[PDB]
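Chains as they are written, first to last, in the entry's author numbering: chain R, 20 to 160, 170 to 216, 283 to 358; chain A, 4 to 54, 182 to 233, 241 to 354; chain G, 13 to 62; chain B, 7 to 339.
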Amino acid sequence: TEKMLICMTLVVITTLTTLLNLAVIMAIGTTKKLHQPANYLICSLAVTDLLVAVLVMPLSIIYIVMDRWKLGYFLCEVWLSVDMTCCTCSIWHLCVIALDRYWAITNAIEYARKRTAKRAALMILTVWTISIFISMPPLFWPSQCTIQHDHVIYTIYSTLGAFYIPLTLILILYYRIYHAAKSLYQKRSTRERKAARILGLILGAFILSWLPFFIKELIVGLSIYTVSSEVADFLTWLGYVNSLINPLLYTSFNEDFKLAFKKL
Amino acid sequence: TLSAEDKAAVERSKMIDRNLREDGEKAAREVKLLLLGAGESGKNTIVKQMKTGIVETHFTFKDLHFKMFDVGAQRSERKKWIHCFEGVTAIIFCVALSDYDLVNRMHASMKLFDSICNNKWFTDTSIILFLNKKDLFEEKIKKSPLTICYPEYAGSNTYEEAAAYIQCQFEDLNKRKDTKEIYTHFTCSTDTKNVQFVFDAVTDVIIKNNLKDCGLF
Amino acid sequence: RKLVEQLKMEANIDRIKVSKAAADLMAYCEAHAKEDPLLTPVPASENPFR
Amino acid sequence: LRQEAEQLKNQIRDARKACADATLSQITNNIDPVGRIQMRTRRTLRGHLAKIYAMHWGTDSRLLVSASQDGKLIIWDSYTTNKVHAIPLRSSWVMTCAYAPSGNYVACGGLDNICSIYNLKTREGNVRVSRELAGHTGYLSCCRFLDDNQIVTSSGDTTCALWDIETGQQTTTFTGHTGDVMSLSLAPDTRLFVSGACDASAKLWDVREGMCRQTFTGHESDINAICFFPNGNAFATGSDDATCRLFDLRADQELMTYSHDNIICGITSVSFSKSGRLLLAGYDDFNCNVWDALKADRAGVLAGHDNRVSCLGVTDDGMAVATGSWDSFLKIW
Ligand SMILES: CC(C)CCC[C@@H](C)[C@H]1CC[C@H]2[C@@H]3CC=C4C[C@@H](O)CC[C@]4(C)[C@H]3CC[C@]12C
Ligand SMILES: CC(C)CCC[C@@H](C)[C@H]1CC[C@H]2[C@@H]3CC=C4C[C@@H](O)CC[C@]4(C)[C@H]3CC[C@]12C
Ligand SMILES: CC(C)CCC[C@@H](C)[C@H]1CC[C@H]2[C@@H]3CC=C4C[C@@H](O)CC[C@]4(C)[C@H]3CC[C@]12C
Ligand SMILES: CC(C)CCC[C@@H](C)[C@H]1CC[C@H]2[C@@H]3CC=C4C[C@@H](O)CC[C@]4(C)[C@H]3CC[C@]12C
Ligand SMILES: CC(C)CCC[C@@H](C)[C@H]1CC[C@H]2[C@@H]3CC=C4C[C@@H](O)CC[C@]4(C)[C@H]3CC[C@]12C
Ligand SMILES: CN1CCN2c3ccccc3Cc3ccccc3[C@H]2C1
Numbered sequence: 020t021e022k023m024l025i026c027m028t029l030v031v032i033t034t035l036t037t038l039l040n041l042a043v044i045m046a047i048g049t050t051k052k053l054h055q056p057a058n059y060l061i062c063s064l065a066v067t068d069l070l071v072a073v074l075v076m077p078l079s080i081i082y083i084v085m086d087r088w089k090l091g092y093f094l095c096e097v098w099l100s101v102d103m104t105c106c107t108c109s110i111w112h113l114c115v116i117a118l119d120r121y122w123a124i125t126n127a128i129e130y131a132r133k134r135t136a137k138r139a140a141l142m143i144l145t146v147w148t149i150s151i152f153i154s155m156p157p158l159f160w170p171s172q173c174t175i176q177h178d179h180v181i182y183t184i185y186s187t188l189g190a191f192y193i194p195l196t197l198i199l200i201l202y203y204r205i206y207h208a209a210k211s212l213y214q215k216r283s284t285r286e287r288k289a290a291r292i293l294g295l296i297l298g299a300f301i302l303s304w305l306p307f308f309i310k311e312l313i314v315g316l317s318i319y320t321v322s323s324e325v326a327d328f329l330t331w332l333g334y335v336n337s338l339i340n341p342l343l344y345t346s347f348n349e350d351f352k353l354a355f356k357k358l
Numbered sequence: 004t005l006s007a008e009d010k011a012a013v014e015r016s017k018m019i020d021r022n023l024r025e026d027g028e029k030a031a032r033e034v035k036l037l038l039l040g041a042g043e044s045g046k047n048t049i050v051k052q053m054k182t183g184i185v186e187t188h189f190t191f192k193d194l195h196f197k198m199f200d201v202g203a204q205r206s207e208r209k210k211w212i213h214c215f216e217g218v219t220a221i222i223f224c225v226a227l228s229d230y231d232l233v241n242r243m244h245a246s247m248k249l250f251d252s253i254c255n256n257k258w259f260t261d262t263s264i265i266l267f268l269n270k271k272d273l274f275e276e277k278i279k280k281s282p283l284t285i286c287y288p289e290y291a292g293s294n295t296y297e298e299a300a301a302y303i304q305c306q307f308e309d310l311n312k313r314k315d316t317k318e319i320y321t322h323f324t325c326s327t328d329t330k331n332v333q334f335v336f337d338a339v340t341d342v343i344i345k346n347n348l349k350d351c352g353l354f
Numbered sequence: 013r014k015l016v017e018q019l020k021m022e023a024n025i026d027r028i029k030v031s032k033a034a035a036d037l038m039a040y041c042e043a044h045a046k047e048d049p050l051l052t053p054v055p056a057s058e059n060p061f062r
Numbered sequence: 007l008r009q010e011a012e013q014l015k016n017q018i019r020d021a022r023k024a025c026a027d028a029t030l031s032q033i034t035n036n037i038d039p040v041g042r043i044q045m046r047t048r049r050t051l052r053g054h055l056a057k058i059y060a061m062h063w064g065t066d067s068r069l070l071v072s073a074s075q076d077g078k079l080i081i082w083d084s085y086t087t088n089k090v091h092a093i094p095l096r097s098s099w100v101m102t103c104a105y106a107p108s109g110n111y112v113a114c115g116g117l118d119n120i121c122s123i124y125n126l127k128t129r130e131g132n133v134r135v136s137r138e139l140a141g142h143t144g145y146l147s148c149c150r151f152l153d154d155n156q157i158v159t160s161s162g163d164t165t166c167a168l169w170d171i172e173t174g175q176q177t178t179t180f181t182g183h184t185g186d187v188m189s190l191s192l193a194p195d196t197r198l199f200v201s202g203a204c205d206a207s208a209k210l211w212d213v214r215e216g217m218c219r220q221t222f223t224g225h226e227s228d229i230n231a232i233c234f235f236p237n238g239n240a241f242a243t244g245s246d247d248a249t250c251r252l253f254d255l256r257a258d259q260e261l262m263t264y265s266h267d268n269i270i271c272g273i274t275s276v277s278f279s280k281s282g283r284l285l286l287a288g289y290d291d292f293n294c295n296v297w298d299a300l301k302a303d304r305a306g307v308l309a310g311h312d313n314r315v316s317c318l319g320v321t322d323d324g325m326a327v328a329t330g331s332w333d334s335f336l337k338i339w
């Protein structure tokens with residue numbers, strides 16, 4: 020009874036994610052008005068979400084449904100490494116979109132010159148470079173794919189580099205944007287309410303989706319406590335559904351994106 | 004496939020495309036201002052301060195390139211060419227204060250402002266309002282009260298309160314207060330802070346557009 | 013002023029029956045329908061636009 | 007005096023009513039309709055970065071000219087999409103352009119009140135401003151060529167002009183319009199031309215001698231486009247009241263009205279097919295409608311433009327229809 024419902028909900032989640040990412044990619048590519056560096060960053064985030072939805076979620080489902088895992092002791096390492104890379108690259112796109120917005124609202128005059136496709140390409144290249152650098156170190160060192177918290181030094185390095193550093197960066201860069209918007213509002283109610291609500295929706299989703307997984311990782315990797323497989327799986331998929339949430343946050347609040355969706 | 008002439012044609016097309024992209028990138032950073040006013044509003048003095183048919187005035191302030199389009203010489207129908215300025219960054223309106231009691242360009246200025254800021258093309262375009270010739274207004278108000286143009290005006294015949302009332306009525310002519318904002322400034326017969334105010338309004342509009350791209354506005 | 017003489021010159025023109033004008037219009041359309049690529053879709057072999 | 011004008015207008019209306027023995031719709035009732043007309047975007051010319059306000063095809067049915075708010079005309083090769091020329095404009099506000107019948111020159115005009123002529127076939131290769139034609143006191147709505155030496159021009163001065171490019175000054179001024187003239191259409195023999203204005207009237211003028219031959223009314227709003235029938239004895243006018251009309255020169259009155267309840271939007275461009283059976287009217291509802299000129303039935307719809315279809319043109323050979331819109335793309339069907 021439970022297994023069929025779990026399989027159905029996981030498969031509908033992983034298909035909704037890929038359809039949403041494909042819709043965002045097609046809307047950005049097709050529309051000539053949506054050819055901006057910020058939209059290029061959003062498109063890169065969408066393709067990263069597509070990658071983590073078509074290369075990570077399907078493999079996670081078969082682990083969950085078919086109790087054990089039978090694909091070899093080699094492909095498990097590849098799946099885990101690509102999962103690290105994709106789920107860190109999504110976070111770092113969420114961070115560089117925050118950087119781009121902070122520079123666009125704060126230094127509006129100067130950043131207009133610098134908002135070139137070259138800058139967006141360099142941003143995405145350094146995002147992927149960071150993601151690779153937080154996924155390759157564990158490679159130089170069945171019936172199950174258990175995360176190996178063998179080296180403590182890598183546990184802190186991986187968890188700070190992938191989540192906590194982007195967490196602090198996003199918090200700072202959106203608090204500063206909130207004050208920048210507040211300064212505009214105060215010098216001339284509902285606008286402040288909308289500005290607070292949108293930032294809350296952007297930040298709280300990124301918190302509630304990823305923070306529990308990395309806090310349990312910090313607990314387990316330090317040999318503090320132990321967590322059951324079901325709770326770990328639940329928090330893992332709570333992290334995964336950020337791939338679903340991200341297009342909704344980063345496209346549904348833009349008038350040009352809404353118009354492109356209506357046209358499509 | 005393609006011969007030598009065809010390849011040369013494609014090369015020429017690619018070079019022209021490169022030139023068009025470079026020109027578009029250069030021109031996308033320029034701030035478009037549409038200067039409007041009455042017959043004797045004083046826009047010519049403002050143009051002289053900062054710097182046939184439509185008159186283009188190109189100037190630079192703090193690394194920003196402003197192009198101001200004056201269409202005061204177009205006596206034809208306004209609705210047949212106004213949409214050409216649909217994408218201007220701002221509309222610099224000029225109102226001559228001292229023309230408040232002259233038989241009635243103040244009412245004509247109010248009517249034209251109402252027609253402009255409520256135009257369907259300029260729903261999201263901000264208006265920078267200038268109240269020119271306030272120095273002459275301060276001495277004209279003493280001999281002639283503001284009641285001639287605005288009978289509903291109440292209070293002392295002080296130039297400060299009169300200017301406040303005129304400003305407030307101009308922002309009351311707006312019906313899109315939730316979308317656009319009207320920046321009001323007094324010329325004060327100097328150019329430095331005048332261009333500074335224009336630049337500040339332009340930067341505010343640019344920041345508003347950047348915040349609206351993210352949905353935060 | 014000049015309007016009255018201009019309108020007199022306009023009114024002093026020759027006139028034709030509407031039926032004859034419509035018949036001539038139809039005759040031209042039906043005579044040149046064969047040479048109209050838009051009316052009759054030309055085959056893509058002879059269409060310079062692909 | 008002012009009293010006799012009304013009497014003569016009533017006399018003209020009575021004469022027109024007497025001449026209206028039948029109607030065009032009741033005569034073309036028995037002829038077979040063309041049916042649905044399907045057109046696909048054969049080419050999509052890209053390269054403009056702002057709203058496009060005018061275009062004109064070449065005589066050879068291959069090259070064309072397009073004008074946008076970029077402040078630069080573009081001479082395209084429609085067959086291969088290659089940009090043959092990109093002529094920068096001194097004034098970025100252009101709302102009319104014309105491609106010379108011989109292909110040597112290209113004219114453009116706008117809020118600068120000047121229909122500047124550029125020479126395309128110059129010795130040095132790079133296009134140069136051959137002539138700057140000044141003398142109009144209003145925004146320039148349409149200036150169309152006659153030959154390499156003469157041009158006709160329509161402005162917001164409520165008047166038209168006939169310029170000699172070599173001399174550089176007007177040789178004939180056509181006055182009589184009450185509103186801004188916004189459209190021109192040269193007769194196929196280039197002897198007369200019709201001009202539609204904002205006073206909801208289209209006047210047929212004689213080029214050689216000057217005086218207004220005829221005046222046609224019937225529109226309820228400003229006329230934004232006009233075009234002769236290929237026979238040269240009729241013309242179609244598109245206005246802001248969402249109705250096109252087909253007036254006849256010889257009959258001196260309208261023959262058919264092309265309108266629908268669904269369309270409530272003005273017409274920005276009107277053009278005919280080679281045989282005259284189709285009437286392609288570009289609407290500012292972001293599309294175009296192909297009407298049966300003998301039935302007033304909408305034979306087809308041309309959609310694909312995101313913004314208002316500002317300009318429309320049909321080649322001399324009738325092979326393709328090119329529509330330019332405010333989304334900065336031309337589409338050749
Ligand atoms: C499914 C296969 C083809 C892989 C798809 C992923 C990659 C190759 C795709 C996804 C998004 C795509 C981009 C989407 C939009 C644009 C802008 C356009 O002006 C040029 C092409 C360009 C830059 C596309 C290039 C190819 C692209 C980067
Ligand atoms: C390593 C791969 C899989 C990462 C995902 C694809 C990346 C490289 C793609 C996705 C969207 C792409 C960009 C979309 C649009 C443009 C603008 C164009 O004028 C130059 C290319 C450029 C800048 C593209 C290339 C780089 C880009 C960011
Ligand atoms: C490259 C990708 C897109 C291929 C398709 C991936 C997804 C849709 C596929 C791959 C393997 C599939 C699983 C294979 C076996 C089972 C066990 C069965 O009792 C329920 C369905 C379930 C759990 C399948 C669900 C769908 C699944 C996860
Ligand atoms: C691999 C992991 C552990 C480290 C990756 C490198 C990190 C620490 C680097 C790479 C790029 C860096 C950013 C580059 C530019 C800016 C803009 C400005 O606001 C200064 C800080 C900030 C925001 C930097 C913060 C630190 C940063 C994010
Ligand atoms: C859909 C959202 C919540 C993301 C989480 C998806 C996955 C991880 C969720 C969705 C349904 C969940 C299951 C629902 C019910 C039960 C029965 C309970 O006795 C043990 C946990 C267990 C077996 C859950 C495990 C986690 C689970 C499989
Ligand atoms: C859920 N999935 C993505 C998130 N996660 C991350 C991400 C960044 C840094 C460390 C880890 C922890 C880890 C260790 C070993 C394999 C895979 C991970 C992946 C597992």
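From the three backbone atoms N, C-alpha and C, an ideal C-beta is built for every residue, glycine too.
Beta-bridge pairing of residue i - partner residues as DSSP gives them
i	result
A:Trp211	For A:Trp211, which the question treats as bridged, DSSP gives no partner whatsoever.
B:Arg219	According to DSSP, B:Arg219 bridges with nothing at all.
B:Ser191	B:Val200
B:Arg251	B:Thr243, B:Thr263
A:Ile264	A:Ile221, A:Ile319
Residue i at chain B interface by Cβ criterion, 8 angstroms
i	result
A:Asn22	yes
G:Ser31	yes
Test item: CB-CB of residue i and residue j under 8 angstroms
i	j	result
B:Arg256	B:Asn239	yes
residue 1 of chain A	R:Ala127	Because chain A is modelled from 4 through 354, residue 1 of chain A falls outside the range shown and cannot be assessed.
G:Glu47	B:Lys280	yes
B:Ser201	B:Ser136	no
B:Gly162	B:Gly174	no
B:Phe222	B:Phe253	yes
A:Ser44	A:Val225	yes
Cβ distance (whole Å) where residue i is taken to contact residue j below 8 angstroms
i	j	result
B:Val327	B:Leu300	Going by Cβ atoms, the distance from B:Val327 to B:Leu300 rounds to 19 angstroms, so no, they are not a contact pair.
B:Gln176	B:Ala167	5 angstroms
B:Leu336	B:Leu14	Not really, about 46 angstroms apart at Cβ, beyond 8 angstroms.
Test: residue i CB closer than 8 angstroms to a CB of chain A
i	result
B:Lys89	yes
R:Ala131	yes
R:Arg120	yes
B:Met188	yes
Closer than 8 angstroms to chain G by CB, residue i
i	result
B:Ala326	yes
B:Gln220	yes
Below-8 angstroms beta-carbon distance, residue i vs any chain R residue
i	result
A:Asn241	no
Any contact of the segment 50-62 of chain G with the segment 330-349 of chain A, i.e. 3+ C-beta pairs under 8 angstroms? no
Would you be able to state if there are at least three C-beta pairs under 8 angstroms between the segment 28-45 of chain G and the segment 302-309 of chain B? no
Touching by the beta-carbon criterion (3+ pairs, under 8 angstroms), the segment 224-239 of chain B and the segment 29-39 of chain G: Short answer: they touch.
Cβ contact check for the segment 40-51 of chain R and the segment 309-327 of chain R: 3 or more pairs under 8 angstroms: no
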